[PDB]
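J.: Mind having a look at this structure? Questions to follow.
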There are 2 protein chains.
Amino acid sequence: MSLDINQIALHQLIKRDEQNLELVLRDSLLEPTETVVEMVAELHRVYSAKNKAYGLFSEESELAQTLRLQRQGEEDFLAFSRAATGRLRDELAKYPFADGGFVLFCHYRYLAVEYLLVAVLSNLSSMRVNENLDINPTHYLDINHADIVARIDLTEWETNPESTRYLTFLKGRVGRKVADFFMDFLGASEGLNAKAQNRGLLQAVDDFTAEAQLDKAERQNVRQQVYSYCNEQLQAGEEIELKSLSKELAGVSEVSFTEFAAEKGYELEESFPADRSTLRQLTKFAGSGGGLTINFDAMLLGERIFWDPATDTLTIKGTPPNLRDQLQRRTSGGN
Amino acid sequence: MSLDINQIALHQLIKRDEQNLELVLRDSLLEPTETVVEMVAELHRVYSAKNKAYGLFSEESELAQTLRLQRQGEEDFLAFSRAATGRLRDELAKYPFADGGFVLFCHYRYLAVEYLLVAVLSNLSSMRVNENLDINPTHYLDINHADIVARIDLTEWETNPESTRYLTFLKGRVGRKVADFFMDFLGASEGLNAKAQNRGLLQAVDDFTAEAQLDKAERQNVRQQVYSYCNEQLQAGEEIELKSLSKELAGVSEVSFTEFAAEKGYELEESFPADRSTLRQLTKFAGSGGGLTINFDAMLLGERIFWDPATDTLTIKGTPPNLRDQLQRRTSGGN
C-alpha cells in the first residue's frame with residue numbers, strides 16, 4: 001500500500017455486570033504485523049468517506065497536554081495508549097448500557113500527513129468455518145459499521161496552532177450525542193461546523209448575484225455552477241476549495257469571490273466539506289408540513305409551478321403521469 | 001428454542017478460475033450440532049421478515065420428482081443434499097462472476113409446519129481475535145445479508161396439491177433476476193404474485209363503496225379502515241386474512257366482502273402479504289415526473305390541495321413552513 005504504520009496498540013474493555021468495565025491493558029504495544037495492515041487501511045478509507053466534526057482543544061485539554069509531551073518523546077506510545085485507554089472507561093462507564101469492546105491506537109503517516117487513529121470496535125460474534133464440517137463459534141470485528149471512532153490531524157496541529165480542524169470525529173446519525181461523548185473525552189470546542197459553512201455559502205452567493213444585478217438566466221446558472229462544482233467534489237472525497245470556487249466564478253463580479261468575502265470579512269475558511277442537504281437548495285427544493293412533502297428542480301420557477309406569496313398558494317400545471325394515473329381513480333370513478 | 005432440526009447438510013462450492021466451481025460434497029450429513037441451532041434459527045427469522053415470491057412446480061419439475069421420492073424414504077438426505085448441491089453449480093456456473101460459497105440444507109419442523117431451508121451463504125472474511133494480541137485472519141458467514149435463499153413449505157405441499165405457495169424464494173431488490181435463478185433451479189411457475197393481489201384488492205374496494213353508493217366521509221374511512229388493518233399486519237409478520245378483513249368490513253354492504261369477491265369470482269385467495277407500495281394509495285399519495293415528486297395524506301382532498309382534471313392543474317393552499325422558508329429566498333430577495 002501507500003500508508004505507513006508508525007506505532008500500534010490494542011487494549012480491551014469488558015463488562016462484568018453493568019458499570020464494571022474492567023480494563024485489559026496490553027503488556028506490549030501490538031507490533032505493526034501484516035494482519036493489522038489491511039485492517040487499519042480499511043479504517044482510514046471508511047472514515048475518509050464519513051461525515052465528520054471539527055474543533056480545537058482547550059487550555060485545560062486534559063488529554064492534549066498528556067500528548068503535547070508524548071510527541072516530544074517523553075511518554076511511550078504504550079505508556080500513552082495506557083493512559084488514554086484507562087481514561088476512556090471513565091468517560092464511557094457513565095453509560096451503563098455499554099457493551100464490551102477493543103480500543104485501537106494506530107499511529108500512522110499517510111501522504112505527507114501523520115495521523116493518530118482511535119477506534120473502539122464493537123465486537124460481534126458469528127460462526128467461523130474451518131476445513132471439514134466443524135462449524136465453530138468465533139469473534140470478528142465491527143469493521144464496516146463501527147461508528148465510535150476519531151482521528152487527530154497531527155501534522156497540521158503541530159504546525160498550525162490556530163487551526164480548528166486538527167481534531168475530528170464522527171457525529172451520531174440520529175443523535176448529536178456521540179459528538180458529546182468525544183468532546184469531553186478530549187476537551188475540544190465546537191469550532192468549524194460543516195453545516196455552518198455551507199449555510200454560509202449561499203448567503204454570500206445571493207449577495208453576489210445581487211451586486212451584479214442579474215436575472216433568472218444568469219443568476220440561476222451561477223447557483224447551478226456552484227452546484228456542478230460542489231457535487232463533483234462530494235462524489236470524490238475532496239473538499240470545497242474557496243479559491244477553485246472563485247476562478248470558475250470569477251469574471252462575474254470583476255472582483256474575485258474570495259476577496260468579496262474577505263473584505264466583507266465573511267468568516268468562511270479556505271476549505272470546507274459540502275453539506276448535501278444545504279447544497280440542493282441551489283437547484284432542488286423540498287418541504288414538510290401536514291404530511292405533505294414536495295421536491296422538484298428549481299428551473300420549474302415560472303414555467304410549470306407557480307406561487308403567489310400573498311396568499312401562500314402553490315399552483316401546478318401538468319401533474320406527473322405517475323400521480324396523474326393515481327388521481328384518475330379517486331374522482332373519475334367517484335360520484 | 002421452539003424449533004426442531006430434522007436433518008442438516010453442508011456442501012461448499014469454490015472457484016479456481018471462472019467457470020471452475022469445483023464441488024466439495026460432504027462425506028456425511030452434518031450432524032444437528034448446537035452451533036447449527038442458532039445459525040438456522042437466525043435464518044428462519046430473517047427470511048420470515050423478507051419479501052418473498054410464490055408459485056408451484058411443473059410436471060417436468062426436474063428437482064420435484066427427485067424429492068417426491070426422497071420424502072418417501074428412498075433417497076437419503078445426504079443422497080439428496082448431494083444431487084441437489086451438484087445440480088446447483090450447473091445452474092450458477094453460467095454466471096462467471098460467481099464467488100465461492102457454501103450450500104446449506106436444513107430440514108426442520110417449526111410450529112406444525114415442516115420446512116426445508118436452502119441457503120447459499122456468501123462467505124466473507126475478517127480478522128478474528130483470540131486471547132492475547134494475536135489478531136488472526138478468519139472466515140465467517142454472511143448471516144445478516146445473505147440474499148440467495150429459499151425454503152419449501154413441505155407440509156402444505158404434501159397436503160394441498162393445487163396450492164401455489166409451497167414454493168417460496170427471495171426476489172432481487174433491484175433486478176427480478178435472482179427470481180429467475182431460482183425458478184429454473186427448481187422448475188416452478190409464477191403463480192401467486194404479491195403485488196398481483198394487493199393491486200387486486202383496491203379494484204374490488206372501489207367496486208364496494210360504489211355499490212354502497214357512499215360519500216367522502218364513509219368511503220375514505222372504508223379505505224382508511226383497510227389501511228389500519230393492513231399496516232398492523234405488516235409490522236407483525238402476519239398475512240392479510242381475507243376473512244378477518246371481511247368482518248371489520250361486513251355490515252357495509254349487507255353481504256360480506258369475501259362473498260362479494262367469490263360470487264363476482266375475483267381471483268383473490270384466502271391470504272396474501274401486504275404490499276406497502278400498493279397499500280398507501282388508500283390514504284397516502286405520490287408522483288414522479290420532470291424531477292418533481294410529491295406525496296401527501298389523502299384527507300387533503302378538497303381541503304388544502306385541489307385539482308381541475310380538464311386542465312390537469314394542481315392547486316395548493318398553505319405551503320409547508322419548511323418549504324415556505326425556502327421560497328422566501330428566491331423571490332423576496334429577488335429583483
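Chains: A, B, ... in order of the C-alpha cells. Residues: from 1 per chain. Ligands: from 1, in order shown.
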May I have the residues of chain B within 7 Å of chain A, counting only C-alpha atoms, written as a PyMOL selection string?
T.: chain B and resi 30+35+126-129+133+135-136+138-141+286-289+291-297+312-323
J.: Give me every strand (DSSP E) residue in stretch 211-277 of chain A, going by DSSP on the backbone, as an NGL selection string.
T.: :A and (240-241 or 271-272)
J.: Within stretch 116-333 of chain B, find each residue whose DSSP state, derived from the backbone, is helix (DSSP H, G or I), and express the selection as number ranges by chain.
T.: B: 154-157, 178-186, 194-205, 216-234, 242-247, 257-262, 276-280, 298-300, 321-331
J.: Need the shell around residue A:23: protein/DNA/RNA residues with any atom at most 8 Å away, counting only C-alpha atoms. Skip same-chain ones fewer than 2 positions apart. Format as a list in words?
T.: residues 11, 12, 13, 14, 21, 25, 86 and 89 of chain A
J.: Limited to C-alpha atoms, could you put the picked residues into a file as a tab-separated table (two decimals), in the first residue's frame?
T.:
chain	number	residue	atom	x	y	z
A	11	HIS	CA	-6.48	-2.69	24.62
A	12	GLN	CA	-9.81	-4.32	25.61
A	13	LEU	CA	-12.70	-3.20	27.80
A	14	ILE	CA	-15.15	-5.84	29.09
A	21	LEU	CA	-15.75	-2.10	32.60
A	25	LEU	CA	-4.15	-3.00	29.27
A	86	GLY	CA	-7.90	3.86	31.04
A	89	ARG	CA	-13.62	3.76	30.53
J.: Using only C-alpha atoms, determine which residues lie at most 10 Å from residue B:156, disregarding the query and same-chain residues fewer than 2 positions distant; provide the list as a list in words.
T.: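 Near neighbours after the sequence-gap exclusion: residues 113, 114, 115, 152, 153, 154, 158, 159, 160, 161, 162, 163, 164, 165 and 166 of chain B.
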J.: Store the residues picked out above in a file with C-alpha atoms, as a tab-separated table (two decimals), in the first residue's frame.
T.:
chain	number	residue	atom	x	y	z
B	113	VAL	CA	-45.09	-26.77	9.62
B	114	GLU	CA	-42.10	-28.80	8.36
B	115	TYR	CA	-39.74	-26.76	6.21
B	152	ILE	CA	-40.18	-25.11	0.52
B	153	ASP	CA	-43.38	-25.40	2.58
B	154	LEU	CA	-43.34	-29.13	2.83
B	158	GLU	CA	-47.85	-32.84	0.60
B	159	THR	CA	-51.41	-31.98	1.68
B	160	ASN	CA	-52.62	-29.32	-0.78
B	161	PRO	CA	-51.66	-30.27	-4.39
B	162	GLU	CA	-53.24	-27.22	-6.04
B	163	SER	CA	-51.64	-24.69	-3.65
B	164	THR	CA	-49.42	-22.10	-5.35
B	165	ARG	CA	-47.32	-21.03	-2.40
B	166	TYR	CA	-45.42	-24.10	-1.15
J.: Between atom CA of residue A:192 and atom CA of residue A:8, what is the distance, to one decimal in Å?
T.: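 Taking atom CA of residue A:192 and atom CA of residue A:8, their separation equals 29.1 Å.
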J.: Excluding residue A:229 and any residue of its chain fewer than 4 positions from it, enumerate the residues within 12 Å of it, using only C-alpha atoms, and give them as a ChimeraX atom specification.
T.: /A:221-225,233-236,238-242,244-249,274,279,282
J.: The selected residues should be written to file as a PDB file, in the first residue's frame (atoms: N, CA, C and O atoms).
T.:
ATOM      1  N   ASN A 221     -27.818  30.132 -13.157  1.00  0.00           N
ATOM      2  CA  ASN A 221     -26.656  29.416 -13.670  1.00  0.00           C
ATOM      3  C   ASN A 221     -25.461  29.559 -12.721  1.00  0.00           C
ATOM      4  O   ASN A 221     -24.732  28.585 -12.487  1.00  0.00           O
ATOM      5  N   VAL A 222     -25.287  30.742 -12.122  1.00  0.00           N
ATOM      6  CA  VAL A 222     -24.321  30.898 -11.034  1.00  0.00           C
ATOM      7  C   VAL A 222     -24.616  29.888  -9.927  1.00  0.00           C
ATOM      8  O   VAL A 222     -23.758  29.085  -9.554  1.00  0.00           O
ATOM      9  N   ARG A 223     -25.858  29.861  -9.443  1.00  0.00           N
ATOM     10  CA  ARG A 223     -26.237  28.856  -8.459  1.00  0.00           C
ATOM     11  C   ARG A 223     -26.064  27.453  -9.006  1.00  0.00           C
ATOM     12  O   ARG A 223     -25.608  26.562  -8.287  1.00  0.00           O
ATOM     13  N   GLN A 224     -26.398  27.234 -10.272  1.00  0.00           N
ATOM     14  CA  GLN A 224     -26.189  25.906 -10.827  1.00  0.00           C
ATOM     15  C   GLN A 224     -24.700  25.602 -10.964  1.00  0.00           C
ATOM     16  O   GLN A 224     -24.258  24.498 -10.621  1.00  0.00           O
ATOM     17  N   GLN A 225     -23.903  26.576 -11.435  1.00  0.00           N
ATOM     18  CA  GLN A 225     -22.452  26.386 -11.478  1.00  0.00           C
ATOM     19  C   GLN A 225     -21.920  25.978 -10.116  1.00  0.00           C
ATOM     20  O   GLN A 225     -21.126  25.034 -10.011  1.00  0.00           O
ATOM     21  N   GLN A 233     -17.191  17.405  -6.195  1.00  0.00           N
ATOM     22  CA  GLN A 233     -16.318  17.181  -5.047  1.00  0.00           C
ATOM     23  C   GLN A 233     -16.926  16.203  -4.067  1.00  0.00           C
ATOM     24  O   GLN A 233     -16.196  15.494  -3.372  1.00  0.00           O
ATOM     25  N   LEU A 234     -18.257  16.169  -3.989  1.00  0.00           N
ATOM     26  CA  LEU A 234     -18.912  15.326  -2.997  1.00  0.00           C
ATOM     27  C   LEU A 234     -18.729  13.850  -3.317  1.00  0.00           C
ATOM     28  O   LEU A 234     -18.516  13.033  -2.414  1.00  0.00           O
ATOM     29  N   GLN A 235     -18.808  13.489  -4.591  1.00  0.00           N
ATOM     30  CA  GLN A 235     -18.587  12.118  -5.010  1.00  0.00           C
ATOM     31  C   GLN A 235     -17.121  11.832  -5.322  1.00  0.00           C
ATOM     32  O   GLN A 235     -16.825  10.903  -6.084  1.00  0.00           O
ATOM     33  N   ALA A 236     -16.192  12.608  -4.754  1.00  0.00           N
ATOM     34  CA  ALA A 236     -14.775  12.353  -4.960  1.00  0.00           C
ATOM     35  C   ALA A 236     -13.957  12.337  -3.672  1.00  0.00           C
ATOM     36  O   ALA A 236     -12.749  12.093  -3.738  1.00  0.00           O
ATOM     37  N   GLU A 238     -13.204  14.868  -1.895  1.00  0.00           N
ATOM     38  CA  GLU A 238     -12.439  16.104  -1.901  1.00  0.00           C
ATOM     39  C   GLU A 238     -13.295  17.243  -1.364  1.00  0.00           C
ATOM     40  O   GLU A 238     -14.513  17.265  -1.554  1.00  0.00           O
ATOM     41  N   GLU A 239     -12.638  18.211  -0.739  1.00  0.00           N
ATOM     42  CA  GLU A 239     -13.309  19.325  -0.084  1.00  0.00           C
ATOM     43  C   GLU A 239     -13.616  20.471  -1.045  1.00  0.00           C
ATOM     44  O   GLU A 239     -13.228  20.463  -2.206  1.00  0.00           O
ATOM     45  N   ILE A 240     -14.337  21.463  -0.531  1.00  0.00           N
ATOM     46  CA  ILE A 240     -14.669  22.676  -1.270  1.00  0.00           C
ATOM     47  C   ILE A 240     -13.514  23.644  -1.100  1.00  0.00           C
ATOM     48  O   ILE A 240     -13.297  24.170  -0.008  1.00  0.00           O
ATOM     49  N   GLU A 241     -12.765  23.873  -2.171  1.00  0.00           N
ATOM     50  CA  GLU A 241     -11.724  24.902  -2.188  1.00  0.00           C
ATOM     51  C   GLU A 241     -12.369  26.257  -2.438  1.00  0.00           C
ATOM     52  O   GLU A 241     -13.016  26.458  -3.469  1.00  0.00           O
ATOM     53  N   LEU A 242     -12.172  27.192  -1.511  1.00  0.00           N
ATOM     54  CA  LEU A 242     -12.671  28.544  -1.712  1.00  0.00           C
ATOM     55  C   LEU A 242     -12.054  29.177  -2.961  1.00  0.00           C
ATOM     56  O   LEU A 242     -12.743  29.852  -3.737  1.00  0.00           O
ATOM     57  N   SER A 244     -10.559  27.625  -5.786  1.00  0.00           N
ATOM     58  CA  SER A 244     -11.063  26.979  -7.003  1.00  0.00           C
ATOM     59  C   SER A 244     -12.482  27.432  -7.309  1.00  0.00           C
ATOM     60  O   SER A 244     -12.831  27.689  -8.466  1.00  0.00           O
ATOM     61  N   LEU A 245     -13.306  27.546  -6.275  1.00  0.00           N
ATOM     62  CA  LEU A 245     -14.649  28.081  -6.436  1.00  0.00           C
ATOM     63  C   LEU A 245     -14.638  29.473  -7.054  1.00  0.00           C
ATOM     64  O   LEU A 245     -15.552  29.838  -7.809  1.00  0.00           O
ATOM     65  N   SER A 246     -13.624  30.275  -6.741  1.00  0.00           N
ATOM     66  CA  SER A 246     -13.665  31.648  -7.217  1.00  0.00           C
ATOM     67  C   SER A 246     -13.306  31.729  -8.707  1.00  0.00           C
ATOM     68  O   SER A 246     -13.929  32.502  -9.446  1.00  0.00           O
ATOM     69  N   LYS A 247     -12.337  30.922  -9.185  1.00  0.00           N
ATOM     70  CA  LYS A 247     -11.956  31.002 -10.599  1.00  0.00           C
ATOM     71  C   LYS A 247     -13.131  30.673 -11.512  1.00  0.00           C
ATOM     72  O   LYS A 247     -13.448  31.450 -12.422  1.00  0.00           O
ATOM     73  N   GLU A 248     -13.799  29.525 -11.291  1.00  0.00           N
ATOM     74  CA  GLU A 248     -14.948  29.149 -12.134  1.00  0.00           C
ATOM     75  C   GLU A 248     -16.112  30.115 -11.986  1.00  0.00           C
ATOM     76  O   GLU A 248     -17.114  29.982 -12.691  1.00  0.00           O
ATOM     77  N   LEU A 249     -15.913  31.060 -11.056  1.00  0.00           N
ATOM     78  CA  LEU A 249     -16.913  32.061 -10.605  1.00  0.00           C
ATOM     79  C   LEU A 249     -16.400  33.496 -10.781  1.00  0.00           C
ATOM     80  O   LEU A 249     -17.216  34.416 -10.709  1.00  0.00           O
ATOM     81  N   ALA A 274     -18.887  19.667   1.832  1.00  0.00           N
ATOM     82  CA  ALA A 274     -20.048  20.043   1.035  1.00  0.00           C
ATOM     83  C   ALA A 274     -21.260  19.338   1.634  1.00  0.00           C
ATOM     84  O   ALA A 274     -21.446  18.135   1.425  1.00  0.00           O
ATOM     85  N   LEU A 279     -26.848  22.104   0.015  1.00  0.00           N
ATOM     86  CA  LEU A 279     -26.438  22.478  -1.329  1.00  0.00           C
ATOM     87  C   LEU A 279     -27.443  22.108  -2.420  1.00  0.00           C
ATOM     88  O   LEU A 279     -27.223  22.459  -3.588  1.00  0.00           O
ATOM     89  N   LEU A 282     -29.743  25.204  -4.071  1.00  0.00           N
ATOM     90  CA  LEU A 282     -29.327  25.898  -5.280  1.00  0.00           C
ATOM     91  C   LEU A 282     -30.264  25.565  -6.428  1.00  0.00           C
ATOM     92  O   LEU A 282     -30.843  26.461  -7.059  1.00  0.00           O
TER      93      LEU A 282
END
J.: Can you work out the spacing between atom CA of residue A:32 and atom CA of residue A:108 in Å, to one decimal?
T.: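 A separation of 10.2 Å between them.
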J.: Just give me the gap between atom CA of residue A:181 and atom CA of residue A:7 in Å, one decimal is fine.
T.: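 The value is 25.1 Å.
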J.: Just want the 7 Å neighbourhood of stretch 194-197 of chain A, counted on only C-alpha atoms, with same-chain residues fewer than 4 positions away dropped. Output as a list in words.
T.: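 Once the nearby chain positions are removed, what remains is residues 201, 268, 272, 273 and 275 of chain A.
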